[PDB]
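Just so it is clear: chains get the letters A, B, ... in the order the sequence lines come, proteins before strands, and each one is counted from 1. As the structure lists them, so they are numbered: ligands from 1, and atoms in each ligand from 1.
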Amino acid sequence: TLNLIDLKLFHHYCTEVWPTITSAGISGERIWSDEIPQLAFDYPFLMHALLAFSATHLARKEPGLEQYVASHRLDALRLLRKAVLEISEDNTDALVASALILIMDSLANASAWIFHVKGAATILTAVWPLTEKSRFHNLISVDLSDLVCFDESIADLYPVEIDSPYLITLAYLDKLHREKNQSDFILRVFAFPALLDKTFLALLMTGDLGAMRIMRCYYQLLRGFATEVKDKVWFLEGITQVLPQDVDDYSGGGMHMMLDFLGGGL
Amino acid sequence: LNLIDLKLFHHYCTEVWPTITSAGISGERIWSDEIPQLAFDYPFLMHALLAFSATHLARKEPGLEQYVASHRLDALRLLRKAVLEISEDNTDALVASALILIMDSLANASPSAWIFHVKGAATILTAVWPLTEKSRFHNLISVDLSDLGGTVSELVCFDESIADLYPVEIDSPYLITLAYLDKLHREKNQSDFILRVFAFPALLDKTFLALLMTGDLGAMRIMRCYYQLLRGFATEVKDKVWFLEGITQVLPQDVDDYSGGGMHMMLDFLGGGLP
Ligand SMILES: CC(C)[C@@H](C)/C=C/[C@@H](C)[C@H]1CC[C@H]2C3=CC=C4C[C@@H](O)CC[C@]4(C)[C@H]3CC[C@]12C
Ligand SMILES: CC(C)[C@@H](C)/C=C/[C@@H](C)[C@H]1CC[C@H]2C3=CC=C4C[C@@H](O)CC[C@]4(C)[C@H]3CC[C@]12C
């Protein structure tokens, strides 16, 4: 029929939106610049996810368009969770990029945002780990090949001994704070709860005290970081209205906040 | 969700505009961003844009030449209509679609229908001329704003002479075209020369062009000089500029070897006896 709307939205992505991604701290410029756009021609679910994020960013200076954010994301999730079942090595990078786009898109609106966030972040978990052939490998995770939270110290947790179910997560979280300033920190701290190891995660959803103390320290880092770049990164603006400072101020309290971002399932 | 037009349009903003800039055309933000943003408001330009880009992506992928045709004719049909409501809002969109359609017709030349298409496309330039200097596109013309001076300048054609047309009078119906043709030779190497040289027969003053359509031999010798200018520049960039490849196997060297002789070649390329 000829569609100038998606044409406008896609042109907007390769002109105005991808630099939006790179100046928030993400690296791999040609990832966002050209590799993701051509990936979208082979995988519809990525194209819809690109298009929706694009409309979301443009709808800041044009009305209309908010019915185009809704169409493209529903279509993106529909095709995602079946693409999510035949996960392949030809379509994992397309699946990670869609999840990252969907995360930034959901983050830019402020119960539904949580529901898309959680769904989007389930794609990261189902693809984890990535071969290091993936364009996306060092942008979402941290180097774990080697050997504190002022408000709620997790010091009565070290020493960590080798068979602790906290070892991996404490290491991960420790490495995550010291690249607080290296490239791709946005993606790594967003991707963290989605890449927890299976045993820690099982411990968490039972309410293990130690696992929750560790996650609340993570939360200070994530909210701290968001508090500090909200000014700069358009798709994080006003996320700290959504994320309360006392996570016990969520409405079931901190434990239902934990459950609503980690629970559910098919 | 139509990913062919999305692939075609991404192909324009990444691979094809660099190819316009690189042939000698100026105003890189006109082609890289200003023309795409115009395409969203005027369907006829989008079609011309995607047709030209399919044309270009058809050099390395099969298929696609079903989509060159589709978009071209939908461009031509919408333009037909848009060129009647010619406005300040849509002059630049008209101009860019013509120039796109001209490069596209010239790339598919490699009446045998490109002529008809160039002719039709070039009608849009005529219908829009002259341009306010508000137009992004005041780069299809020379400036005839200066003058000459103790008398200064006389154009000289080599294979045939327009030497006996001198010195030209003020009331001469050759003055405007001869000055335009001399300045055109003088910016043979400045930017946007290919657009200027292509636009030239579309921007002739109506008096000179009625003289042409009646067979004035003076007007015809001048245009024979322009042809040497255009065929000479074309045969010498045709292997660097992709949409001009093979153009010399379609524009003969001796214009008397066209189908009905040079007289017919002239008139199959123009459009309508001026009042
Ligand atoms: C926004 C994207 C990056 C997604 C992935 C992150 C959401 C954050 C806000 C979610 C992910 C895990 C959630 C989380 C896990 C565990 C608990 C322990 C509980 O005792 C208090 C709530 C708490 C601490 C919650 C708070 C909200 C968290 C930290
Ligand atoms: C390809 C686009 C740019 C269109 C506009 C240009 C077509 C060219 C090839 C056409 C335009 C005017 C034509 C033209 C006009 C007048 C004459 C005089 C005649 O005694 C010989 C043929 C000749 C010289 C022809 C040759 C072909 C010309 C030069």
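- Side-chain contact, B:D216 with B:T214: no donor N or O sits under 3.5 Å from an acceptor N or O.
- Other residues, nucleotides and ligands contribute at most 12 non-hydrogen atoms within 6.0 Å of the CZ atom of A:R81.
- Annotation: B:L270, atom CG; neighbour count of heavy atoms from other residues, nucleotides and ligands within 6.0 Å is above 12.
- Between A:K180 and A:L221, the closest side-chain pair of non-hydrogen atoms falls below 4.5 Å.
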Measure from every N or O atom of ligand 2 to the protein's N or O atoms and keep only the pairs below 3.5 Å, writing each with atom names and distance to 0.1 Å.
from: ligand 2; atom 1: 20 (O); to: B:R224; atom 2: NH1; distance (Å): 2.6

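- Ring pair B:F52/B:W242: centre-to-centre distance below 6.0 Å.
- No close placement of the B:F200 and B:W129 rings is indicated, their centers lying 6.0 Å or farther apart.
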